[PDB]
Amino acid sequence: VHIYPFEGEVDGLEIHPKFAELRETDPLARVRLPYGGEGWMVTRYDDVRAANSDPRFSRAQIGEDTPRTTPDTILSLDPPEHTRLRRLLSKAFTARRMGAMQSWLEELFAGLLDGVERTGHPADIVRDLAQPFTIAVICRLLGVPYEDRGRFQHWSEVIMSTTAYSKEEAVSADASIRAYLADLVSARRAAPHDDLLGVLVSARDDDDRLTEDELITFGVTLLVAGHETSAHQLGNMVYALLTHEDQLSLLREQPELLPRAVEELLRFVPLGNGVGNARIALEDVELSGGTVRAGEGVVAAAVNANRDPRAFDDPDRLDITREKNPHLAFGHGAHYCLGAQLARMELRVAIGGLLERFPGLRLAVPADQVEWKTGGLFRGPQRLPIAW
Ligand code: HEM
């Protein structure tokens with residue numbers, strides 16, 4: 001039985017070597033997390049994929065003996081509840097609605113870059129570009145006006161940063177978010193609005209509709225899934241580019257690589273801490289390393305699947321030219337990221353915008369001077385200074 005956390009802490013974007021060791025010699029690894037009883041950890045692409053997408057695993061029926069690192073959401077529902085929720089949400093999250101945002105993303109990011117450029121280097125990628133970009137996008141989806149972007153950014157930070165804010169602070173922020181969303185929903189029930197939240201309020205599946213509680217809870221989910229995830233992923237992707245100079249140079253010389261570079265950076269860059277939420281088997285499931293019986297918990301992180309040499313050639317080397325890229329960074333199957341198209345657009349706009357504005361873009365300090373976050377759900381730099 002392997003104890004998590006593993007011995008030795010990782011710096012920056014490094015992947016703990018134990019996962020690779022387990023992938024080759026212990027593909028159905030018995031593990032003991034800080035809380036709950038023993039579970040299984042899977043690290044091979046096929047197994048991780050199965051764990052996170054096969055309908056024989058449940059996200060809803062977690063319990064006390066469920067392995068976990070800690071003592072409502074669509075992310076935690078199973079079919080058929082999940083299926084109903086997802087059908088309604090997909091009336092708003094459409095390719096047509098997301099794709100029509102392209103121009104507005106470009107102008108939003110260009111304004112943020114102008115301000116950075118006016119102020120002069122060094123700037124902080126995290127505070128000056130990534131965070132304000134992604135919160136603005138989610139505020140547009142929710143109908144939150146420009147003047148309240150800062151308020152949402154702050155409230156999101158509070159409920160997300162579980163080690164930096166107290167339970168009482170998180171309760172207060174959540175209450176504030178929900179009160180604001182309740183007012184937005186109430187306005188959207190009085191007359192149709194065309195923002196994504198107004199479209200969700202108007203969405204119908206025969207007679208079925210989202211309740212006020214489901215709408216409000218989904219607004220909260222959108223701050224964590226859409227803003228916080230995107231902001232951290234973007235900062236980490238920029239760090240990775242700025243520390244892989246040959247790859248960054250290649251992207252400048254060959255800008256048509258940008259879409260593949262974004263997919264490769266999604267595959268490569270770690271976001272969380274390598275465990276993920278347990279899934280519980282509703283029924284026996286044969287995986288590569290053996291059989292998971294009904295009732296047993298399985299942890300499976302996409303980051304480990306995305307380094308499996310069974311699925312990617314030379315997986316521990318960043319290669320932005322990779323054409324075949326079936327990474328699991330947005331998941332797979334029923335829970336597949338509802339915002340993937342928009343996330344991809346965001347990452348292309350930001351990275352493409354950054355490289356075009358700043359040919360001389362570089363870290364403003366050596367990498368050993370970047371301080372990395374230590375608690376909470378996300379890896380990321382505390383501050384990421386750049387110069388140009
Ligand atoms: C770089 C950005 C992003 C990454 C890496 C990311 C990744 C993910 C992942 C891994 C999942 C879970 C897949 C699973 O559990 O099987 C997910 C779910 C989700 N994402 Fe994202 N996401 C990103 C951006 C966004 C954005 C911009 C939005 C909305 C505008 C969004 C909305 C969602 C929603 C609603 C779900 C839940 C879907 C469900 O449970 O059925 N995401 N995302």
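No hydrogens, no waters, no symmetry mates; every other heavy atom, side chains included, goes into these values. Just follow the structure's listing: the first ligand is 1, and inside any ligand the first atom is 1. Numbers for residues simply follow the sequence, beginning at 1.
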Best match, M237, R59, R49: closest heavy atom to atom 16 (O) of ligand 1
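The option holding the nearest heavy atom is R59.
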Shortest reach to atom 12 (C) of ligand 1 by a heavy atom, considering only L328, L89, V137, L75
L75
If you count the atoms of ligand 1 from 1 in the order shown, which ones are under 4.0 Å from a heavy atom of [X]?
X: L222; answer: 29 (C)
X: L141; answer: 30 (C)
X: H82; answer: 39 (C), 40 (O), 41 (O)
X: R86; answer: 38 (C), 39 (C), 41 (O)
X: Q233; answer: 1 (C)

Does the side chain of [X] come under 3.5 Å of the side chain of [Y] through a donor N or O and an acceptor N or O?
X: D213; Y: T211; result: no
X: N304; Y: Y45; result: no
X: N52; Y: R279; result: yes
X: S288; Y: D47; result: yes

Using the rule given for side-chain hydrogen bond (donor to acceptor under 3.5 Å, both in side chains), can you reason through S58 versus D78, listing the C-alpha separation, both sets of side-chain angles and the distance that settles it, and then say yes or no?
CA-CA 6 Å; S58 162; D78 302 316; 2.6 Å; yes
Test side-chain hydrogen bond (donor to acceptor under 3.5 Å, both in side chains) on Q102 and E106; report intermediate values, then the result.
CA-CA 6 Å; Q102 178 68 27; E106 289 169 8; 2.6 Å; yes
Does even one non-hydrogen atom of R344 get within less than 4.0 Å of ligand 1?
no
Taking only non-hydrogen atoms of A329, do any sit less than 4.0 angstrom from ligand 1?
yes
Identify whether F218 and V199 are in the same connected component of the hydrophobic contact network (ILVMFWY, side-chain heavy atoms under 4.5 Å).
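Different clusters: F218 never reaches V199 through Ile, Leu, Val, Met, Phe, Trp or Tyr contacts under 4.5 Å.
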Give the intermediate values and the outcome of ring-ring contact (aromatic ring centres under 6.0 Å, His included) for residues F109 and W104.
CA-CA 9 Å; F109 201 73; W104 181 81; over 10 Å; no
Below 2.8 Å, which protein N, O or S atoms neighbour atom 21 (Fe) of ligand 1, ignoring water?
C337 SG
side-chain contact (heavy atoms from CB on, under 4.5 Å) partner of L200, the single match among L215, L88, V185:
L215
Nearest-contact summary for atom 40 (O) of ligand 1 - protein heavy atom, Å
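The closest one turns out to be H335 ND1, 2.7 Å.
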Check whether the ring centres of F133 and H227 lie less than 6.0 Å apart, and answer yes or no.
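When the ring centroids of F133 and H227 are compared, they turn out to be at least 6.0 Å apart.
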